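Residue-level listing of the chains:
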Amino acid sequence: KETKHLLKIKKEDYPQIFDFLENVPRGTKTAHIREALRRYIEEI
Amino acid sequence: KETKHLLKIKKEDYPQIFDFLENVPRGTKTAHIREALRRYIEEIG
Amino acid sequence: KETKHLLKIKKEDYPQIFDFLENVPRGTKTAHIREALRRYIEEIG
Amino acid sequence: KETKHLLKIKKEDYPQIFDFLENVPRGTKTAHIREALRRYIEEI
DNA sequence: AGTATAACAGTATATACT
DNA sequence: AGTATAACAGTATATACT
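Residues numbered from 1 in each chain as written, not as in the entry; some residues may be left out. Chains lettered and ligands numbered in written order. Heavy atoms only, no water.

Looking at the entry header, you'll see X-ray crystallography listed as the method and 3.00 Å as the resolution.

Here it is in structure tokens:
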């Protein structure tokens, strides 16, 4: 299976996370989100 | 502004992540990921 | 069906609860309370 | 100050929590929610 | 696979009766 | 104070280009 999910982050609501996603080299985005999750999980 | 990005996590390749998103309380997916990144980010630079 | 109930927690009477709800991630209030009760409930009967 | 919040629980989505709120004697509802929170908090 | 874009409960408030 | 009721991002999907 697969879990699809559309995430939206907002300019004024969360700037830094916004800037982050917007400058990550295209082709690595999912990789990160995935990583950020990988840790966020153990780190729980 | 808004960044839209749809991600797909495949059951097989990364079970734990899949399993996670798939079983988080209703209406927490965006919150969680949003949290995960927040922490990830500064953890880096 | 649906149960609607609006609660009000006063800063003074129960600071900690107030402070909590007031600083939980966006779109998690219903989830959290929903969680709190879930646990509360069976903890009882 | 005060924090107001309208919570809605659904029949088919979460039955037990639904039944609970629906049978608690009227005048004690907030008291509980508040209690459930009181613990949910320390218990964190 | 990663990415770019394109229709149906929480959140916030308010009035009013016990 | 507790309670009863009354308008504006997440969630889910899909198509399509690299």
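## Observations regarding the overall build of chain B
A tally of helices and strands in chain B yields 2 helices and 1 strand. Element order for chain B, N to C, with α for helix and β for strand: β-α-α. By its C-alpha atoms, chain B is 30 × 25 × 20 Å across when sized along the principal axes. When burial is assessed residue by residue, chain B has 40% of its 45 residues classed as buried. On chain B, roughly 2800 Å² of surface is accessible, and the fraction owed to carbon and sulfur atoms is 44%. Put simply, chain B has 10 plus and 8 minus side-chain charges, and the middle of one group is 7 Å from the middle of the other. (Helix = DSSP H or I, 4+ residues; strand = E, 2+ residues; numbered from the N terminus. Buried < 20%, exposed > 50% of the residue type's maximum accessible area, 1.4 Å probe, protein only. Areas by Shrake-Rupley, 256 points an atom, 1.4 Å probe, with all protein chains shown as cover. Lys, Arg positive; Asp, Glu negative; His and termini not counted. Charge placed at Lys NZ, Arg CZ, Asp CG, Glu CD.)

## So, the overall build of chain A
Along its length, chain A carries 2 helices and 1 strand. By its C-alpha atoms, chain A is 30 × 25 × 20 Å across when sized along the principal axes. Per-residue burial for chain A yields a buried fraction of 39% across its 44 residues. A total of about 2800 Å² of accessible surface is found on chain A, and carbon and sulfur atoms cover 47% of it. Averaged over its 10 positive side-chain charges, chain A has a centre that lies 8 Å from the centre of its 8 negative ones.

## Side note on the layout of surface pockets
Reported here for the largest pocket is a volume of approximately 490 Å³. Every residue lining the largest pocket is counted, 21 residues in all, and those nearest its centre are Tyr40 of chain A, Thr28 and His32 of chain B together with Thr28 and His32 of chain C. Of all the secondary-structure elements, those providing two or more residues to the lining of the largest pocket are α2 (29–43) of chain B together with α2 (29–43) of chain C. The element best represented in the lining of the largest pocket is α2 of chain B, accounting for 6 residues. Its residues assigned to classes, the lining of the largest pocket shows 10 nonpolar, 4 polar and 7 charged. (1 Å grid on protein atoms, 1.4 Å probe; cavity = no way out; pocket = protein on both sides within 12 Å on 5 of 7 lines; lining within 4 Å. Points joined across faces, edges and corners; volume = space filled by probe spheres on them. Nonpolar A, V, L, I, M, F, W, Y, C, P; charged D, E, K, R; others polar.)

## Re the interface of chain A and chain B
Taken together, the contact between chain A and chain B spans 31 residues of the former and 33 residues of the latter. Interface of chain A and chain B: buried area, both sides summed, is about 3700 Å²; carbon and sulfur atoms make up 65% of it. Of all residues in chain A, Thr3, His5 and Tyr40 of chain A give up the largest surface area on contact with chain B, accounting jointly for 19% of the area buried on that side. Summed over the shared surface of chain A and chain B, the result is 2 salt bridges. Where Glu43 of chain B meets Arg39 of chain A, a salt bridge forms, and the shortest distance between an N and an O atom there is 3.7 Å. Remark: the boundary between chain A and chain B carries 12 residue pairs in polar contact. (Contact = heavy atoms within 4.5 Å. Buried area = accessible area lost by both parts, 1.4 Å probe. Salt bridge = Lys/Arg side-chain N within 4 Å of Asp/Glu carboxyl O. Polar contact = N/O pair within 3.5 Å; in protein donor to acceptor, adjacent residues only side chain to side chain.)

## Quick notes on the protein's contact with DNA strand E
Taken together, 23 residues sit near DNA strand E, with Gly27 and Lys29 of chain A, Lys10 of chain B together with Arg26 and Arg34 of chain C positioned nearest. Backbone polar atom of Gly27 of chain A to a phosphate oxygen of DNA strand E: 2.7 Å apart, as the coordinates give it. Note that a phosphate oxygen of DNA strand E is positioned 3.0 Å from one of the side-chain N or O atoms of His5 of chain D. Of all the secondary structure elements, the ones that give two or more residues to the surface near DNA strand E are α2 (29–42) of chain A, β1 (2–10) of chain B, α2 of chain C together with β1 (2–10) of chain D. (Near = heavy atom within 4 Å.)

## Overview of the pattern of salt bridges
The full count for this structure, using the stated rule, is 14 salt bridges over all chains. Where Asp13 of chain C meets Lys10 of chain C, a salt bridge forms, and the shortest distance between an N and an O atom there is 3.7 Å.

## Comments concerning the packing of aromatic side chains
The final tally for this structure, using the stated rule, is 4 aromatic pairs over all chains. Centre to centre, the rings of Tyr40 of chain A and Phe20 of chain B are 6.3 Å apart; their planes meet at 80 degrees, and the pair counts as edge-to-face. Of the two residues, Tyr40 of chain A is situated in helix α2 and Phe20 of chain B in helix α1 (residues 15–21); the pairing between them involves two chains. When its relative accessible area of 17% is taken as the criterion, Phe20 of chain B is described as buried. (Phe/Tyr/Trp six-rings, centres within 6.5 Å; stacked < 30°, edge-to-face > 60°.)

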